[PDB]
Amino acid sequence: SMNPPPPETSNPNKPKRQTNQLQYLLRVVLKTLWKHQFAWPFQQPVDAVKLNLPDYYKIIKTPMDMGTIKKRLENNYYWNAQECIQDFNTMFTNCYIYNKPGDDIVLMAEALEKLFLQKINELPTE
């Protein structure tokens, strides 16, 4: 019923770096997806209380959202591009698992995922 704590965006024990690929993921990939007309459901964690989704955090055991990814990029949480790409892929997959094919939210996630794949196809070499 109650929401879990959000995914961590700060952890002094976790190793991290600034890389050209992580800068690309913030300034090109996230920038593009964040501004999209369909971004808004993905800009913060799923509020399963407000949305009356009492099963959401029973079905989705690795929550992720672009608000969390934005904070992780801006606050240098990540070691490499793969960690950040995995977060985006977890966000999309969660949406596809919880919802039905052709649901509005699934079509919105698919539109963001198409733009995501366009942009990571052109990920710079390290």
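Under this definition, the rigid core comprises the largest set of C-alpha atoms superposing within 1.5 Å between the forms. From 1 onward, residues are counted along the sequence shown.
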message: Do the Cα atoms of 107-115 or of 6-14 sit farther, on average, from the shown structure in 7 other deposited structures of this protein when the rigid core is superposed?
response: 6-14
query: Which is higher in the entry, the mean Cα B factor of 58-66 or that of 28-36?
result: 28-36
query: Looking at the entry, does 116-124 or 4-12 show the higher mean C-alpha B-factor?
result: 116-124
field: CA B-factor placement of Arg72, once the chain's modelled residues are sorted into thirds
entry: lowest
